[PDB]
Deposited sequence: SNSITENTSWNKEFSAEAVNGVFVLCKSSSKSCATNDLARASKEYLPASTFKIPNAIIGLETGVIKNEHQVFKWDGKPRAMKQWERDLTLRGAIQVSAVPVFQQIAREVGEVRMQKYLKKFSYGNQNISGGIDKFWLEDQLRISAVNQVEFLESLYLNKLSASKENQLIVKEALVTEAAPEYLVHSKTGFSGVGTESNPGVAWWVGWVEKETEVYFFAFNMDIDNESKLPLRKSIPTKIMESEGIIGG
């Protein structure tokens, strides 16, 4: 069995910046998750570039992505290079070569959100038909961490290393940002930060999302979760 609890110890991190959002933090050894908002933790949002995680695994499994050091046979762009920069055309052509049938098959195997890829093969992760919750993101990342997705162990290891974003002697942070855009005041955009931390022998999975109606607030997608995980003694 696994569990989730709602806490209030992190509410001060959101209200100080007037941010509507959710953080989900799961400790692997205890199979326990904590969140500031159970309803928003289960609410499905378009994934935007957090979709580069399953798209990279599917691209490698289908053979569309050549290897860790060269996406396609920029010409010498590495998989990590494509995940960091926007690389809009790169993941568009990966999705096109994968195709709707195989993309649908793998998102069902991965239990990835509502699995609705309607709206166009090269932009459905932005069309707002495909949606995934913060809880679903941490479940998906735990499966990737354990090499339990329906993909080769090698391809899961390649994507795990490509997602490293911070390294310290005591921990490794794997993460991915996403941003749908600013939307409007009545219908704001969504900004994500999802990932996990390998800290000594413990592993912490996390997923953050927030309403955003101004790119001015974009830095908060990393600063709020960073402050929570620093207060928990996980990073920093």
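Missing from the model, relative to the deposited sequence, are the stretches 74-84, 248.
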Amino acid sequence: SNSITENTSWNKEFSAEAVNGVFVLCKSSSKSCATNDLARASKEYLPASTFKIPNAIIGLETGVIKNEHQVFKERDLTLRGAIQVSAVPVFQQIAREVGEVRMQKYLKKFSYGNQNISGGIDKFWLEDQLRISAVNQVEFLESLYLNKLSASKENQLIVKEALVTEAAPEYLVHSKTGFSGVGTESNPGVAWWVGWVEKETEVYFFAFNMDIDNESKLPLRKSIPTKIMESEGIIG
From here on, numbers count along this sequence of modelled residues.
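When the mean C-alpha temperature factors of 185-193 and 200-208 are read from the deposited coordinates, 185-193 comes out higher.
A summary of the deposited B-factors shows that, of 61-69 and 171-179, the stretch with the larger mean C-alpha value is 61-69. Highest CA B-factor among the listed residues (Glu139, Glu166, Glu154, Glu74): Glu74.
Across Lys148, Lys160, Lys123, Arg80, the entry's maximum B-factor at the CA atom is seen for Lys123. Looking at the C-alpha B-factors along this chain, the one for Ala87 belongs to the highest third. Among all modelled residues in this chain, the alpha-carbon of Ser111 has a temperature factor (C-alpha) in the middle third. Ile117 sits in the highest third of its chain by CA B factor, as recorded in the PDB entry.
Among all modelled residues in this chain, the alpha-carbon of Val22 has a temperature factor (C-alpha) in the lowest third.
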